[PDB]
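Each remark here refers to the structure printed beneath this line.
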Amino acid sequence: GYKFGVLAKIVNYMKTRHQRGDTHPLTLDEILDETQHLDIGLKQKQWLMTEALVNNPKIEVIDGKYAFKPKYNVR
Amino acid sequence: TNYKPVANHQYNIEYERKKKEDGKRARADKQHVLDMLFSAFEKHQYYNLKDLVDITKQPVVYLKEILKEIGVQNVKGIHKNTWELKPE
Amino acid sequence: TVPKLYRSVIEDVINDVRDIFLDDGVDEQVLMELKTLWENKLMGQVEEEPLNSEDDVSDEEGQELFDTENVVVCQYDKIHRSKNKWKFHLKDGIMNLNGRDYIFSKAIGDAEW
Amino acid sequence: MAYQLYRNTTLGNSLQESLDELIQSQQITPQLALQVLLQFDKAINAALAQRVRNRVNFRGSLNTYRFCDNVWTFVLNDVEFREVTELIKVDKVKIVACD
Amino acid sequence: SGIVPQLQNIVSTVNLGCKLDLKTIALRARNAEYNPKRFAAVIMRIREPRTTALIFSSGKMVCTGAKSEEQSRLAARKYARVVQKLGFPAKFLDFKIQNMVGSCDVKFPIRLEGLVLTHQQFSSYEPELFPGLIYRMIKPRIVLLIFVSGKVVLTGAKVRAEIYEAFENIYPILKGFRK
Amino acid sequence: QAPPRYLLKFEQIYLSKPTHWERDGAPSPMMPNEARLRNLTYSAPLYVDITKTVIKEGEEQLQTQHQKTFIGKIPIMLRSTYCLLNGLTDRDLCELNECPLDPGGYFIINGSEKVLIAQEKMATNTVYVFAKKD
Amino acid sequence: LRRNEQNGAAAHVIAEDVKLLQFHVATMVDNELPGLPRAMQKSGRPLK
Amino acid sequence: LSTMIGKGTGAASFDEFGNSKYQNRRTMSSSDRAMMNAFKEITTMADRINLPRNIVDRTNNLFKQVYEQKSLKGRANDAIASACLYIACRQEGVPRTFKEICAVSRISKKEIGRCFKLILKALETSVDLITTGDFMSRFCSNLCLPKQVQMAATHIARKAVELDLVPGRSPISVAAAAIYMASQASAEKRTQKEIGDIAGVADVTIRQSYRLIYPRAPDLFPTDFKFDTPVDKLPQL
Amino acid sequence: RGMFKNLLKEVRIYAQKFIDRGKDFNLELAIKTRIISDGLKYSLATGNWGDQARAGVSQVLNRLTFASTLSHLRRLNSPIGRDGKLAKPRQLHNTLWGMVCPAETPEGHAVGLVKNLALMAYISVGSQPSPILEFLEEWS
């Protein structure tokens, strides 16, 4: 399979990263370092930027960088 | 001649030998079982619970607890309430 | 016999790596140089928490560590044990007995303890 | 990504040393050497499965056996290999069995 | 009576009180056997007491194959030491002997078809299922394995005194039905 | 189906003499007089021959055959060729406590003599023209 | 029918129970209906 | 006291998508479904070996008594029913072999044996011990042997039990040995294969039984048996 | 016809139930000896023909006189309803000569409908039409 399986691993990584207290946002390549997805496709990269991280109600953008949404959820 | 007394039927001892050679589905770690969970999800969008036990080869109660954390249920009135493998 | 089986292994290895070498652009000149080097290298205690009252309850652990003696690397079909003996249904496998290489397809093993 | 059982033999060690000479000479990448060992393991597994049609018998006394992840670790002492064409005497034999 | 049985297995539960990793033990044990498709535990045997052990992820330790209560406790202490050697906090919590089995002889053949007739509400003789007589009596909670050869196996007690009291009641019964 | 495939081919029918099974399970030939007395049914076992062929991949088409499979009992008309009283002399009929003058032609069900009245139907396969004045 | 009303069932299922209660009331009074089926009890005999 | 709805008779009984408006829905408890499916299995089980209806009625009495007392929670309904058929056969004075019942039911000998043990323990019902004479009429008529051969077989079997010559052997193994002597010492000869097939007794076990009952043969036979074959002419098996 | 069809239907679902889940099946215990046995013993006893099609076909033999036994074994029964006031199938038709008795007939509601064979009447047993059709196509 391709293009439909790596998104679950990415959203699981940054959610667990937010559980450790990482409030500061992270870039796309920084997340891809520890998820063992360095051979990911370029057409996947543009699809993540324009669809995946803007339709998800758990992702918010600060100066072009993506992070979790703790304000929407109850804390 | 027919209905001859036997200690055990031929089809029953063939099934018992197959069941004792194959054994029970083994309990596995959470990180590995998710990999064939995502690998199967990449092939087809929808799946029945009755078919995942024949793919990843895991205990039904274990598979039903692990997938409940990330997956959800959407009601379908056409055939059966089918489980969803999508985390969202 | 055994050298004839070894040359049949040589023909199978060099045939199976032709598609691998041409997949990543590796030239053919690597293969026969590898085979030449491959041939040359071959030819009343009421306080029960401490358990230090006993010692020397284990044998030498080095038998796994040395591996100097003969090592049998084979495959099994069925292994059963009853009252005294371990019996084995071993399919095809290989070993190294005193340098000489032996081969087998079926074997029945009996051991005691 | 295979059984990886014939690698710990004299044949496996000679091939591994041969690939080490090519790696130290900067001729091939270590990824190719892993692919060579992977294809060699598949080649030797098919060679013993097809062209071997002989049977041997052996007896001995066991001292150490272990089992995990479908791997056996039989160790036999005072082993007498009884074959129809030759008899082999040896003090100790270790058996590694997989499936 | 003058005849006393001798024990042949003893099973007992004790709690280590800590969780255990099965895979870590199985790679690093003297006598490890771990096939998850067959069973949920690792068996391990040692040669001097001839006992067998069943270690579990729950920390419950159960053993079998001993010949004495002191032998069974010392075998459990040896088994706890092996677990504790690999970095686990093995302890001894709630040691209790659960079942022992004993075998003995009477040295005369026994008429079974007359014994099942007089104790019909206590025994059941089914030579199609098993050639021995099952005798399920109440006072020491012991099942008996009575055979025409005279061998009797005493089974199911919590102490050795129950087996000794068991054969004291049954020996006059077996004496009256001697062939 | 559900892959293995099975075919159950049926074959020659075997029908025996009318037999009675007691409480012991011992078969015995049923007398027509005993059926009338003990309220039995005068029935004969019906045995079928079945050849079972398994179809599976791997060139392993095995043909097994079961001889004379019991598939129930059929009530038997008295004094027919398949009854017990077929081809018996008058002396042998009297020894069996059965009347020689009895014409037969009737079943024995639960000990009652049951006769099948010949039902009359309109003849089939034939074109008919009627005169419906309505 | 009373249980489905107090449990709030669907409209099609409560319509079938009313239609079946319609049949059972009428069959109690008249079991010689012109087109409707006739009630039977395990043996094929019409119910009087 | 539910009724049933008959077939439609006119246009008012059919909906416009080609189907009846009134459907024969019928209520029945899941417990009654289990009892009905077990009773429908018992009549199937009993009529395969041609049991009379009174054994079926005693089996259904035994099944209903156990099922309402409810001690057998986890064992299969076919296994417990097949065990109740075994007990009701034995309680009427004509018991059957476990292999005979296992040949009809889907349920193995080990499973019905465990069900037979658990029913007797959980019903407080005492049942008599079998003998060799109870397995005589069935095992002799199936092999097509005459009445005098039957009388000789049931005499040497009863004599061997009373004299206590073979402790601990199952009554099946001495019944088939009694058939083997009565057939080999008469005109109607029957080999060990045909006798063992009816008895389920292995062609090993019947020799194992025959190697000790042999050398006292003329004492077992009755004094008024027409010996078609002499005792000393029997084969040395 | 239908009783063997009913037996073959049930042995199909029984074998399908044991092969859907993979036990295979033993055929000798798949077939019950209960469908043919009950179906042919409930019929010929109750007089019902089905399993509402026909009724009153099998009767208890009138064992009162040897003349009565012979007359009952050779009886013809008409399917015309006895509550019908029509008289067209009750009259003695001209073609009943020699194979239906013109004299013997019961009285009352059944008159003319229950008939009896003559002395020499022989009802045809049936035969295959293949030899006749083979002869005709062989001919001109």
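We label chains A, B, ... in the order they appear in the structure tokens, count residues from 1 in each chain, and number ligands from 1 in the order shown.
Residue-level contact on chain I: within 8 Å of chain F, counting only C-alpha atoms, the set is residues 16, 19, 20, 28, 31, 32, 33, 34, 35, 36, 37, 40, 41, 44, 45, 57, 58, 59, 60, 61, 70, 72, 73, 74, 75, 76, 77, 78 and 79 of chain I.
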Neighbours of chain F in chain H at 7 Å, counting only C-alpha atoms, as number ranges by chain: H: 50-52, 94, 137-138, 141-142
Could you write those residues out with N, CA, C and O atoms, as a PDB file, in the first residue's frame?
ATOM      1  N   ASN H  50     -32.499 -48.100  15.488  1.00  0.00           N
ATOM      2  CA  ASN H  50     -33.812 -48.739  15.561  1.00  0.00           C
ATOM      3  C   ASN H  50     -34.255 -49.001  16.997  1.00  0.00           C
ATOM      4  O   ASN H  50     -34.739 -50.079  17.333  1.00  0.00           O
ATOM      5  N   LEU H  51     -34.088 -48.001  17.851  1.00  0.00           N
ATOM      6  CA  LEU H  51     -34.597 -48.096  19.206  1.00  0.00           C
ATOM      7  C   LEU H  51     -36.114 -47.943  19.212  1.00  0.00           C
ATOM      8  O   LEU H  51     -36.678 -47.245  18.370  1.00  0.00           O
ATOM      9  N   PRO H  52     -36.797 -48.581  20.149  1.00  0.00           N
ATOM     10  CA  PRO H  52     -38.231 -48.344  20.313  1.00  0.00           C
ATOM     11  C   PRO H  52     -38.503 -46.962  20.884  1.00  0.00           C
ATOM     12  O   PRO H  52     -37.615 -46.272  21.374  1.00  0.00           O
ATOM     13  N   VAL H  94     -31.299 -53.106  28.601  1.00  0.00           N
ATOM     14  CA  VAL H  94     -30.612 -53.438  27.356  1.00  0.00           C
ATOM     15  C   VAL H  94     -29.586 -52.355  27.007  1.00  0.00           C
ATOM     16  O   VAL H  94     -29.792 -51.516  26.122  1.00  0.00           O
ATOM     17  N   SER H 137     -27.876 -61.113  22.544  1.00  0.00           N
ATOM     18  CA  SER H 137     -28.843 -61.238  21.460  1.00  0.00           C
ATOM     19  C   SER H 137     -28.514 -60.298  20.311  1.00  0.00           C
ATOM     20  O   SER H 137     -28.693 -60.653  19.142  1.00  0.00           O
ATOM     21  N   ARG H 138     -28.046 -59.095  20.623  1.00  0.00           N
ATOM     22  CA  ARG H 138     -27.723 -58.128  19.583  1.00  0.00           C
ATOM     23  C   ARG H 138     -26.484 -58.543  18.806  1.00  0.00           C
ATOM     24  O   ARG H 138     -26.460 -58.463  17.576  1.00  0.00           O
ATOM     25  N   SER H 141     -27.257 -61.929  16.523  1.00  0.00           N
ATOM     26  CA  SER H 141     -28.166 -61.853  15.388  1.00  0.00           C
ATOM     27  C   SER H 141     -27.608 -60.985  14.274  1.00  0.00           C
ATOM     28  O   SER H 141     -27.949 -61.191  13.107  1.00  0.00           O
ATOM     29  N   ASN H 142     -26.761 -60.014  14.608  1.00  0.00           N
ATOM     30  CA  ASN H 142     -26.156 -59.179  13.580  1.00  0.00           C
ATOM     31  C   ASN H 142     -25.158 -59.956  12.737  1.00  0.00           C
ATOM     32  O   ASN H 142     -24.928 -59.608  11.576  1.00  0.00           O
TER      33      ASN H 142
END
Two-atom distance - atom CA of residue H:144, atom CA of residue H:54 (Å):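 Spanning atom CA of residue H:144 to atom CA of residue H:54 is a straight-line distance of 26.6 Å.
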Interface, chain E side, toward chain D (8 Å; only C-alpha atoms) as number ranges by chain: E: 26-27, 29-35
Go ahead and save the picked residues with N, CA and C atoms, as a PDB file, in the first residue's frame.
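In the end it all went to result-v9.pdb:
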ATOM      1  N   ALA E  26      12.663 -16.584  28.417  1.00  0.00           N
ATOM      2  CA  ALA E  26      12.766 -17.676  27.452  1.00  0.00           C
ATOM      3  C   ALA E  26      14.070 -17.628  26.668  1.00  0.00           C
ATOM      4  N   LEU E  27      14.575 -16.433  26.372  1.00  0.00           N
ATOM      5  CA  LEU E  27      15.879 -16.340  25.730  1.00  0.00           C
ATOM      6  C   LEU E  27      17.015 -16.624  26.703  1.00  0.00           C
ATOM      7  N   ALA E  29      17.162 -18.658  29.810  1.00  0.00           N
ATOM      8  CA  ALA E  29      16.926 -19.663  30.838  1.00  0.00           C
ATOM      9  C   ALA E  29      17.678 -20.943  30.497  1.00  0.00           C
ATOM     10  N   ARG E  30      17.913 -21.753  31.532  1.00  0.00           N
ATOM     11  CA  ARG E  30      18.632 -23.011  31.357  1.00  0.00           C
ATOM     12  C   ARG E  30      17.784 -24.037  30.609  1.00  0.00           C
ATOM     13  N   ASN E  31      16.489 -24.095  30.907  1.00  0.00           N
ATOM     14  CA  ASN E  31      15.595 -25.122  30.378  1.00  0.00           C
ATOM     15  C   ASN E  31      14.303 -24.489  29.866  1.00  0.00           C
ATOM     16  N   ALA E  32      14.440 -23.453  29.045  1.00  0.00           N
ATOM     17  CA  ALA E  32      13.289 -22.701  28.564  1.00  0.00           C
ATOM     18  C   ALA E  32      12.534 -23.454  27.475  1.00  0.00           C
ATOM     19  N   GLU E  33      11.205 -23.451  27.591  1.00  0.00           N
ATOM     20  CA  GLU E  33      10.300 -23.965  26.563  1.00  0.00           C
ATOM     21  C   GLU E  33       9.125 -23.004  26.451  1.00  0.00           C
ATOM     22  N   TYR E  34       9.013 -22.312  25.319  1.00  0.00           N
ATOM     23  CA  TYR E  34       7.996 -21.274  25.155  1.00  0.00           C
ATOM     24  C   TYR E  34       7.441 -21.359  23.738  1.00  0.00           C
ATOM     25  N   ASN E  35       6.266 -21.965  23.602  1.00  0.00           N
ATOM     26  CA  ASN E  35       5.525 -21.992  22.341  1.00  0.00           C
ATOM     27  C   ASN E  35       4.155 -21.390  22.608  1.00  0.00           C
TER      28      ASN E  35
END
Contact residues (chain H, partner chain B, 10 Å, only C-alpha atoms) as a ChimeraX atom specification: /H:48-49,97-110,142-143,194,196-201
May I have the selected residues written with C-alpha atoms, as a CSV table (one decimal), in the first residue's frame?
chain,number,residue,atom,x,y,z
H,48,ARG,CA,-30.6,-44.9,13.4
H,49,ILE,CA,-30.1,-47.9,15.6
H,97,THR,CA,-21.6,-50.0,23.8
H,98,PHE,CA,-20.2,-46.5,23.8
H,99,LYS,CA,-18.8,-47.2,20.4
H,100,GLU,CA,-22.3,-48.1,19.2
H,101,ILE,CA,-23.7,-44.7,20.3
H,102,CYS,CA,-20.6,-42.8,19.1
H,103,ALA,CA,-21.2,-44.3,15.6
H,104,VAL,CA,-24.5,-42.5,15.4
H,105,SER,CA,-23.8,-39.2,17.1
H,106,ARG,CA,-21.3,-36.6,16.0
H,107,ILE,CA,-19.9,-36.7,19.5
H,108,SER,CA,-16.7,-38.6,20.3
H,109,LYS,CA,-16.4,-41.5,22.9
H,110,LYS,CA,-14.2,-39.4,25.3
H,142,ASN,CA,-26.2,-59.2,13.6
H,143,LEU,CA,-23.6,-61.8,12.6
H,194,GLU,CA,-16.4,-59.6,11.0
H,196,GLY,CA,-14.6,-57.3,15.7
H,197,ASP,CA,-16.3,-54.9,13.2
H,198,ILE,CA,-19.7,-55.5,14.9
H,199,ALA,CA,-18.1,-55.3,18.3
H,200,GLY,CA,-15.7,-52.3,17.6
H,201,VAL,CA,-13.1,-54.5,19.4
Helix (DSSP H, G or I) per DSSP on the backbone: members of stretch 41-172 of chain E, as a PyMOL selection string: chain E and resi 69-85+112-118+160-172
Residue hits in chain E, query chain B, radius 9 Å, only C-alpha atoms, as a PyMOL selection string: chain E and resi 35-40
At a cut-off of 7 Å, can you tabulate as a tab-separated table every residue of chain B near chain A together with its closest atom pair and the distance in Å to one decimal, using only C-alpha atoms and ordering rows by chain then number?
residue	atom	partner	partner_atom	distance
B:38	CA	A:5	CA	6.1
B:39	CA	A:1	CA	6.7
B:42	CA	A:1	CA	4.9
B:43	CA	A:1	CA	6.1
B:87	CA	A:8	CA	6.9
Take the residues just selected and output them with N, CA and C atoms as an mmCIF file, in the first residue's frame.
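Listing of out26.cif after writing:
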data_model
loop_
_atom_site.group_PDB
_atom_site.id
_atom_site.type_symbol
_atom_site.label_atom_id
_atom_site.label_comp_id
_atom_site.auth_asym_id
_atom_site.auth_seq_id
_atom_site.Cartn_x
_atom_site.Cartn_y
_atom_site.Cartn_z
ATOM 1 N N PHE B 38 -2.491 -1.625 9.774
ATOM 2 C CA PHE B 38 -2.381 -0.559 8.790
ATOM 3 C C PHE B 38 -2.110 -1.109 7.397
ATOM 4 N N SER B 39 -1.378 -2.224 7.299
ATOM 5 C CA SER B 39 -1.080 -2.811 5.995
ATOM 6 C C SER B 39 -2.340 -3.351 5.330
ATOM 7 N N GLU B 42 -4.482 -0.339 4.051
ATOM 8 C CA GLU B 42 -4.040 0.242 2.788
ATOM 9 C C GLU B 42 -4.621 -0.477 1.576
ATOM 10 N N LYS B 43 -5.026 -1.739 1.725
ATOM 11 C CA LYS B 43 -5.541 -2.496 0.590
ATOM 12 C C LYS B 43 -7.013 -2.187 0.334
ATOM 13 N N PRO B 87 -8.299 5.863 11.996
ATOM 14 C CA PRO B 87 -8.224 6.513 13.319
ATOM 15 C C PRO B 87 -9.167 7.695 13.476
#
Counting only C-alpha atoms, the option among I:67, I:125, I:113, I:53 closest to chain G: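 Using only C-alpha atoms, the shortest distance to chain G belongs to I:53.
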Selection near residue E:161, 12 Å with only C-alpha atoms, sequence-local residues under 6 positions removed, as a list in words: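 Using only C-alpha atoms, the neighbours found are residues 4, 5, 6, 7, 100, 102, 140, 142, 154, 167 and 168 of chain E.
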Since we have the selection now, will you write its residues out, keeping C-alpha atoms, as a short mmCIF file (atom, residue, chain, number, x, y, z; two decimals), in the first residue's frame?
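After the write, selection-v5.cif holds the following:
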data_model
loop_
_atom_site.label_atom_id
_atom_site.label_comp_id
_atom_site.auth_asym_id
_atom_site.auth_seq_id
_atom_site.Cartn_x
_atom_site.Cartn_y
_atom_site.Cartn_z
CA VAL E 4 0.99 -47.02 54.30
CA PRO E 5 0.96 -45.27 50.90
CA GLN E 6 3.89 -43.30 49.51
CA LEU E 7 3.52 -40.02 47.61
CA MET E 100 -0.68 -34.80 46.26
CA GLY E 102 0.06 -41.55 46.24
CA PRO E 140 -11.15 -36.90 53.19
CA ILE E 142 -10.36 -38.61 47.98
CA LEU E 154 -4.87 -42.31 46.46
CA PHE E 167 -6.51 -46.08 53.48
CA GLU E 168 -7.44 -46.85 57.10
#
Give me the residues within 12 Å of stretch 174-179 of chain E as a PDB file with C-alpha atoms, in the first residue's frame, counting only C-alpha atoms and dropping any in the same chain fewer than 5 places off.
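The result, written out as out_26.pdb:
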ATOM      1  CA  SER E   1      -3.446 -52.210  58.649  1.00  0.00           C
ATOM      2  CA  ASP E 105      -0.559 -52.049  46.897  1.00  0.00           C
ATOM      3  CA  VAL E 106      -2.710 -54.515  48.824  1.00  0.00           C
ATOM      4  CA  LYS E 107      -1.127 -57.701  47.345  1.00  0.00           C
ATOM      5  CA  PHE E 108      -4.413 -59.495  46.667  1.00  0.00           C
ATOM      6  CA  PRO E 109      -6.850 -59.360  43.735  1.00  0.00           C
ATOM      7  CA  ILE E 110     -10.001 -57.329  44.346  1.00  0.00           C
ATOM      8  CA  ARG E 111     -13.535 -58.187  43.212  1.00  0.00           C
ATOM      9  CA  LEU E 112     -14.782 -54.979  41.596  1.00  0.00           C
ATOM     10  CA  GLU E 113     -18.251 -56.067  40.442  1.00  0.00           C
ATOM     11  CA  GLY E 114     -19.304 -56.762  44.027  1.00  0.00           C
ATOM     12  CA  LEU E 115     -17.785 -53.565  45.391  1.00  0.00           C
ATOM     13  CA  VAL E 116     -19.662 -51.340  42.942  1.00  0.00           C
ATOM     14  CA  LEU E 117     -22.916 -53.126  43.827  1.00  0.00           C
ATOM     15  CA  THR E 118     -22.729 -52.448  47.576  1.00  0.00           C
ATOM     16  CA  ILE E 146      -9.009 -49.503  42.396  1.00  0.00           C
ATOM     17  CA  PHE E 147      -7.848 -52.228  39.951  1.00  0.00           C
ATOM     18  CA  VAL E 148      -8.292 -56.043  39.815  1.00  0.00           C
ATOM     19  CA  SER E 149      -4.476 -56.391  40.262  1.00  0.00           C
ATOM     20  CA  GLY E 150      -4.743 -54.801  43.751  1.00  0.00           C
ATOM     21  CA  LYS E 151      -2.937 -51.514  43.085  1.00  0.00           C
ATOM     22  CA  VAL E 152      -4.724 -48.480  44.586  1.00  0.00           C
ATOM     23  CA  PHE E 167      -6.507 -46.076  53.485  1.00  0.00           C
ATOM     24  CA  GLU E 168      -7.436 -46.847  57.101  1.00  0.00           C
ATOM     25  CA  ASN E 169     -11.140 -46.762  56.232  1.00  0.00           C
TER      26      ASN E 169
ATOM     27  CA  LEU H 163     -15.708 -68.647  37.352  1.00  0.00           C
ATOM     28  CA  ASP H 164     -13.709 -65.357  37.219  1.00  0.00           C
ATOM     29  CA  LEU H 165     -11.131 -66.472  34.689  1.00  0.00           C
ATOM     30  CA  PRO H 167     -10.280 -60.164  35.761  1.00  0.00           C
TER      31      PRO H 167
END
Would you mind listing, for every residue of chain E within 7 Å of chain H, the two atoms forming the shortest contact and the distance between them in Å to one decimal, using only C-alpha atoms, sorted by chain and ascending residue number, as a tab-separated table?
residue	atom	partner	partner_atom	distance
E:120	CA	H:126	CA	6.4
E:121	CA	H:126	CA	6.3
E:127	CA	H:170	CA	5.2
E:128	CA	H:170	CA	6.1
E:129	CA	H:113	CA	6.5
E:131	CA	H:168	CA	6.3
E:148	CA	H:168	CA	5.8
Among the residues C:24, C:12, C:39, C:110, the one that comes closest to residue D:31 [using only C-alpha atoms]: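 With only C-alpha atoms as the atom set, the closest residue is C:24.
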For residue C:97, find every residue with an atom within 9 Å (counting only C-alpha atoms), except residues of its own chain fewer than 6 positions away, and show them as a short mmCIF file (atom, residue, chain, number, x, y, z; two decimals) with C-alpha atoms, in the first residue's frame.
data_model
loop_
_atom_site.label_atom_id
_atom_site.label_comp_id
_atom_site.auth_asym_id
_atom_site.auth_seq_id
_atom_site.Cartn_x
_atom_site.Cartn_y
_atom_site.Cartn_z
CA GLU C 69 32.56 -28.53 18.04
CA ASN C 70 30.15 -29.81 15.39
CA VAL C 71 27.01 -27.72 14.87
CA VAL C 72 23.92 -29.24 13.24
CA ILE D 88 31.41 -41.36 12.82
CA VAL D 90 32.43 -37.46 18.11
CA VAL D 93 27.31 -32.19 18.94
#
8 Å contact set for residue F:10, only C-alpha atoms, chain neighbours under 6 positions out, as an MDAnalysis selection string: chainID F and resid 48:51
Contact residues (chain G, partner chain H, 6 Å, only C-alpha atoms) as a list in words: residues 35, 36, 37, 38, 39, 40 and 41 of chain G
Filtering to N, CA, C and O atoms, could you give me those residues as a PDB file, in the first residue's frame?
ATOM      1  N   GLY G  35     -60.890 -13.209   1.107  1.00  0.00           N
ATOM      2  CA  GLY G  35     -59.570 -13.245   0.505  1.00  0.00           C
ATOM      3  C   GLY G  35     -58.439 -13.440   1.491  1.00  0.00           C
ATOM      4  O   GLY G  35     -57.376 -13.944   1.122  1.00  0.00           O
ATOM      5  N   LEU G  36     -58.651 -13.050   2.737  1.00  0.00           N
ATOM      6  CA  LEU G  36     -57.610 -13.116   3.747  1.00  0.00           C
ATOM      7  C   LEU G  36     -57.347 -14.569   4.141  1.00  0.00           C
ATOM      8  O   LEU G  36     -58.215 -15.427   3.985  1.00  0.00           O
ATOM      9  N   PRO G  37     -56.142 -14.877   4.618  1.00  0.00           N
ATOM     10  CA  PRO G  37     -55.856 -16.238   5.072  1.00  0.00           C
ATOM     11  C   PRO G  37     -56.619 -16.582   6.336  1.00  0.00           C
ATOM     12  O   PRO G  37     -57.068 -15.718   7.085  1.00  0.00           O
ATOM     13  N   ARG G  38     -56.769 -17.881   6.555  1.00  0.00           N
ATOM     14  CA  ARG G  38     -57.501 -18.407   7.694  1.00  0.00           C
ATOM     15  C   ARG G  38     -56.519 -18.935   8.724  1.00  0.00           C
ATOM     16  O   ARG G  38     -55.538 -19.592   8.375  1.00  0.00           O
ATOM     17  N   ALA G  39     -56.780 -18.629   9.991  1.00  0.00           N
ATOM     18  CA  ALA G  39     -55.876 -19.029  11.059  1.00  0.00           C
ATOM     19  C   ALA G  39     -55.887 -20.537  11.252  1.00  0.00           C
ATOM     20  O   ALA G  39     -56.928 -21.188  11.163  1.00  0.00           O
ATOM     21  N   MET G  40     -54.713 -21.084  11.529  1.00  0.00           N
ATOM     22  CA  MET G  40     -54.514 -22.511  11.697  1.00  0.00           C
ATOM     23  C   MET G  40     -53.657 -22.738  12.930  1.00  0.00           C
ATOM     24  O   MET G  40     -52.973 -21.831  13.407  1.00  0.00           O
ATOM     25  N   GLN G  41     -53.712 -23.956  13.467  1.00  0.00           N
ATOM     26  CA  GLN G  41     -52.904 -24.307  14.633  1.00  0.00           C
ATOM     27  C   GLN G  41     -52.186 -25.641  14.440  1.00  0.00           C
ATOM     28  O   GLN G  41     -52.678 -26.712  14.808  1.00  0.00           O
TER      29      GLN G  41
END
Contacts of residue E:87 within 12 Å, only C-alpha atoms, excl. fewer than 5 positions in-chain, as a VMD selection string: chain E and resid 18 to 21 24 to 25 28 80 to 82
